[PDB]
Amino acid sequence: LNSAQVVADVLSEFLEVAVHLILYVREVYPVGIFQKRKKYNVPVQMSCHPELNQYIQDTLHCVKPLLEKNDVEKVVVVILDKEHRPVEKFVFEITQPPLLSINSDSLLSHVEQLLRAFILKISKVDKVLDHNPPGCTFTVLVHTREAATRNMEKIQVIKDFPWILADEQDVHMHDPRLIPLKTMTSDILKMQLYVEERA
């Protein structure tokens, strides 16, 4: 589909903005590399560190194809402690329609409004979430059907950025305290965002 390209693009920049902001609000990186920026008419924090920015973009460019052929279920930004085990998880459940309309009009400016709300919620999450333990790092998990990864092969080699199966310990969460943030729905995208904290 051609309208899938645009939903994969739009969704991709959103995820990048979200990731940059989640890294900010959860003190995963030194406050100083983050710069004030503005997307969806809202103030955000984008990083100015070369490699970090390239790491996040290389990650999203690999998801882009999975997003097109509606192969993404959950895109998760996981925060780990020195024990190298999950402390927090920002789950973005995703599902697009079986097919996308060829009557490509500006119902997208409607998506921007919906997206805008996720950004704002993420910006306040540090109010309902205690401070994480020092020295945490992040990773990105992506939930798909083992067969749709075929769409990823070519681009992994392109961006020279390989992926691999996740080990159930690398994902495992204790309990955990589910904290819902936002849930949107629409002609092209139904998305939900919630946080998983540990005890």
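Just count from 1 along the sequence shown to find any residue number.
Asks: Would you mind checking whether residue 41 is unresolved in the model of at least a third of the other PDB entries compared?
Replies: Looking at the other entries that model residues on either side of it, residue 41 is present in every one.
Asks: Are coordinates for residue 136 absent from at least a third of the other PDB entries that model its neighbours?
Replies: Other entries vs residue 136: none skip it.
Asks: Higher mean Cα B-factor in the deposited model: 171-179 or 7-15?
Replies: According to the PDB entry, the answer is 171-179.
Asks: Got a sec? Mean C-alpha B-factor, which is higher, 49-57 or 66-74?
Replies: For C-alpha atoms only, the mean B-factor is higher in 66-74.
Asks: Quick one: which of 79, 91, 107, 117 has the biggest Cα B-factor according to the entry?
Replies: The listed residue with the largest C-alpha B-factor is 107.
Asks: Out of 28, 140, 44, 147, which one has a C-alpha B factor higher than all the others in the entry?
Replies: Result of the comparison over 28, 140, 44, 147: 147.
Asks: Mind checking which third residue 162 falls in for C-alpha B-factor across the chain?
Replies: It falls in the bottom third of the chain.
Asks: By the recorded C-alpha temperature factor, relative to the other modelled residues in its chain, which third is residue 124 in?
Replies: Middle third.
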